[PDB]
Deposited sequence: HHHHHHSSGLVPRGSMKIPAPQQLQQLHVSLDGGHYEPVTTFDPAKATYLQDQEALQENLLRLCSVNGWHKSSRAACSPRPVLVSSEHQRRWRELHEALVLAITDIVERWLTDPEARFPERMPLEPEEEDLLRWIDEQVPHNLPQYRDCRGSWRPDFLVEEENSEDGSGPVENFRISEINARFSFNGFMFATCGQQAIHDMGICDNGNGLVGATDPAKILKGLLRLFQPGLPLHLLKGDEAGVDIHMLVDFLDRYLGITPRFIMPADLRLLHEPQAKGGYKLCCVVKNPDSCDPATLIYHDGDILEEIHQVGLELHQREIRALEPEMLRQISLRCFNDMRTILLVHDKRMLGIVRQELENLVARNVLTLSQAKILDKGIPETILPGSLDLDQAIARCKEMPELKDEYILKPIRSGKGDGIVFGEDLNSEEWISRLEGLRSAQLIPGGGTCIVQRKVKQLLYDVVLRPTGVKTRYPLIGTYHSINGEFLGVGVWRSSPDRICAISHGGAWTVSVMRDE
């Protein structure tokens, strides 16, 4: 039988580890374990950059992952990158595929994508070269393997790709802490399942640290972004400038990228090189060479169209990542494309089967799938319990609704268009998650919860499994990963 995911207790004075299912806690020291952990989490990120909430929700009891789990995650990722990259590069250039009619975006967004296609490859790369930061989330279900036993299966529920940093600094800080504490890598039979240097170095590849960095953020409060800015300040002497949409300016310029100078207002002008400043129309400006985006889709839509094109030439993530890869419907498009992706030699046959096992069944609005769904549920009302309704741009379970209201919702999804200024739903099969023995808080309360996983990609490269959750922002306990030393 394959080694399962499990949470370990690890003695901080000697390193002896034991599964939580089995550990007799009669003489545990959870409170002092918690304080040691929280001190250590201040190493890469000061109290300035942390939310005290999030630093306190961390658990010194890591999740044990196996080398099979790692091979599984890396393989799913390789197939995912290949499929989604091919789809994105084909979005408007393979018209017979009808992608914008199968997954409609807002019209000013589809205008933006079409402008971007006109810039490739001389002003913007082909998409394979600028995929940026993606962070998929996965759930864990059971599957009858051949192996004649139960094996853990990972289903990607969503790809987080409009922001570039969320999750990255938590994994970096947490893996570095349990290492500094000796939980792993210190001779007790455990090693860290993710290298924090690998993760952080991926982030550093999103931008050139030689040039000044701007971070454009509006209504979003931010979490990992402030931990990165803390680490850059204290360890590298890099100080990115946060700017808001209203701070942006354009100046006419022949000899410049896209015939304009993208600028922003400067709030702290005394601390700047006076030779970097422009006094224009009552504004004190500095120029923007590279900008990281932490904006909502509506905020992006609210930019003046020329302002929006000038951001696209200078921004990470690329607008194709933010608008296409982040959208939950793209998981539906990948499933539609599997047979076509093997016909084009984009996926091997087994890679298509890996993807089909790694993405839950997803029905898109305006699809024939959604039509046969409505028919199948009219002939089998018990079916609605097996599915859910996730929003794109608040999940809704079919077992929590009457059959009359369920066919109603589905009947309203027969067009693929988006509600003006809003979105739509996808219909996804409910994943039956495994339950795990866990001790998440220093209270010592053993419970039996599911595990929510995530992993980190930069420019298509798998960087490591991310933190385990059982959202950290809404209070959730979290931890990181170890492997047997064998």
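Residues 1 to 19, 165, 414 to 418, 496 to 501 of the deposited sequence have no C-alpha coordinates in the model.
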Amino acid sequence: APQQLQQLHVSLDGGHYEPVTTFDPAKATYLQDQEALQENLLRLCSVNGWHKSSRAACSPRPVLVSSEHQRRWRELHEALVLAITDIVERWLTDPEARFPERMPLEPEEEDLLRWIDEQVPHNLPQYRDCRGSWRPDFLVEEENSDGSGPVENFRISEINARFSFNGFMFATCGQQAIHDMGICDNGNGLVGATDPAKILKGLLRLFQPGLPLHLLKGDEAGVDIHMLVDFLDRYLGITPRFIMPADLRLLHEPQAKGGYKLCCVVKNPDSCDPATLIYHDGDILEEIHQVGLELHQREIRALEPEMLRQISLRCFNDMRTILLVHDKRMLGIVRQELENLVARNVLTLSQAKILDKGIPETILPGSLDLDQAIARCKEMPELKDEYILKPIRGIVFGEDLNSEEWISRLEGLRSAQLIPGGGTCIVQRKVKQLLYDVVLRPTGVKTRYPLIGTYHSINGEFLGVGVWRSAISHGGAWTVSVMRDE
From here on, numbers count along this sequence of modelled residues.
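The mean Cα B-factor in the deposited entry runs higher for 94 to 102 than for the other of 94 to 102 and 313 to 321. When 401 to 409 is weighed against 356 to 364, 401 to 409 comes out higher, by mean CA B-factor as recorded in the entry. Comparing the listed residues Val342, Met227, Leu331, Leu80, the entry records the largest Cα B-factor for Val342. The entry assigns its greatest Cα B factor, within the set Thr194, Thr85, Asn268, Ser133, to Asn268. Remark: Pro240 belongs to the middle third of its chain, ranked by C-alpha B-factor as recorded. Ranked by C-alpha B-factor against the other modelled residues of its chain, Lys261 falls in the highest third.
The PDB entry assigns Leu12 a C-alpha temperature factor belonging to the middle third of its chain's modelled residues. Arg162: CA B factor in the lowest third of modelled residues in this chain (values from the PDB entry).
Per-chain ranking of the deposited C-alpha B factor places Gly202 in the lowest third.
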